[PDB]
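Below: one protein chain in two forms, given as structure tokens, structure 1 then structure 2.
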Structure 1
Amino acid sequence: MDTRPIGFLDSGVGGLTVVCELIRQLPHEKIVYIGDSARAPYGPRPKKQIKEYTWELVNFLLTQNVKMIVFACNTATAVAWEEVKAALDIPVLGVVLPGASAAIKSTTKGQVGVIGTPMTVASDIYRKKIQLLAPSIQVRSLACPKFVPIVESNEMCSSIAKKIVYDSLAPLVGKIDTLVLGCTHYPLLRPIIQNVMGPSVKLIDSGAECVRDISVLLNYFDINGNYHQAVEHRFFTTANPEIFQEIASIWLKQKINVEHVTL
């Protein structure tokens, strides 16, 4: 079998929710994760510098002998994904495309909403992808900048959190049939988000969608790992490993060890 691990690059701890999905869906696959906290916000950097940074993360992943690379950073995805994908021989994917495509396939009336980070909403990457494939679908994007913090502080059910989501999503209530959770933190607020949007709205989790694609892409490329096996993942971060495993150990429902590294 192909015992090489599937690598994940991200400018943060967010991509770990996709890793959770992966562990959930494909237990037997090895994982290598690189989070570049030290450099922080990618969004407000210059394109040239973001490609520099991304390639650094990609090259690090290559020297982990990964058989596939997954982009978890929307900024890295916006700026580099297509270039790196064209340059590499191994499969290279992001969560945006699958999120967009799922939203398209799932919209009832063509009223698609997408919430996310300020930078994500500022790049309007999701709308661009959606309409690039299905330009007749109406995309309404909304930034929800309180969501990440809430999530990262474990608190998804506080009465304050419930209020925050309630107020942050108001501009969309009653205006859309499907809402793309364009941030990897957001899967953790799903109950609340579904609740605030009503049983009428279809929630699209990009990370979960991405994982589904992985499954098909491992089969197509004949690079599946040992199904009877992973019990050996590797996590890396360029900054603050303490709080990394802190959040990681919570999300991954198990103690995981991080390795502070410097590219």
Structure 2
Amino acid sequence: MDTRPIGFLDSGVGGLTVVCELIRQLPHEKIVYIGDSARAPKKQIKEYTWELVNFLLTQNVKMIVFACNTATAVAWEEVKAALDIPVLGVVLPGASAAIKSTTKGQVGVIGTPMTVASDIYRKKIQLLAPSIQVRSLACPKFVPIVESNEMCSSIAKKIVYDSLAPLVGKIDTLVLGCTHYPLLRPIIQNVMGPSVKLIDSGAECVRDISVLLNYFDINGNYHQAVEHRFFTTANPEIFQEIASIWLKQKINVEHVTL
């Protein structure tokens, strides 16, 4: 019965992969997505996140999903306990998925410099499972390559190659700790080898959403969505581009100023 949309707060266009996963897994659910392209330390990030949470709230969402790994690591738990509606991040489900797929216990997590600096993935993994060895590594060149949509670029494959070098042959499972990275998946697989299982946090988060939607009895109509709404705090046009390619369809973005 609940026709209210699920809200997504991202730091830019990265979270959009989480969205493509939702549309893929729960075609009937409606979406409210706000990506704070503009703006860019920690305490300051909480403030920014809250601004985006309040907006999602004024959009009557039944749920809020932190599609941003950094935001999750900094405010997720706080915002989660301060609201009555469900709030989940992409970090925990990716860590839990990794914990369960590790064969030897040597886990590698890559991601944004800030996500890695927050060291959230390590702290969660070794909190639920202390014995597992976690190896984190920032890949600052990955995000720019994705937004360029030049993944097949042999120039890109080199960056992926050189960037992962430090982890090659040292881990049994690698966590794509940035929602941008699922677009570099094939390349990442090759560079690591078929012996390394890759965990897509965003995708693992969507699989958690259905379970949560059930548990809190707030599902939408399974046979009916189309009323999707996207908000960005800057670069509305470049946003439409990237978003229209990943979601394979032109989408209407609305320039917002919180």
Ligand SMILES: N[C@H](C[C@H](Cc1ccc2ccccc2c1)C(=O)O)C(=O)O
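Numbering runs along the sequence of structure 1, starting at 1. Whichever C-alpha set is largest while still superposing within 1.5 Å between the two forms counts as the rigid core.
Which of the two shown structures is the form deposited without the named molecule: Structure 1, not 2.
Following rigid core superposition, Cα shift of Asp167 between the two structures in Å: Superposing on the rigid core gives a C-alpha shift of 0.9 Å for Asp167.
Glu56 CA shift between the two structures in angstrom, with the core used for superposition: Core-aligned C-alpha shift comes out at 1.3 Å.
For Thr75, CA displacement between the two structures after the core is overlaid, in Å: So the C-alpha of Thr75 has moved 2.6 Å between the two structures.
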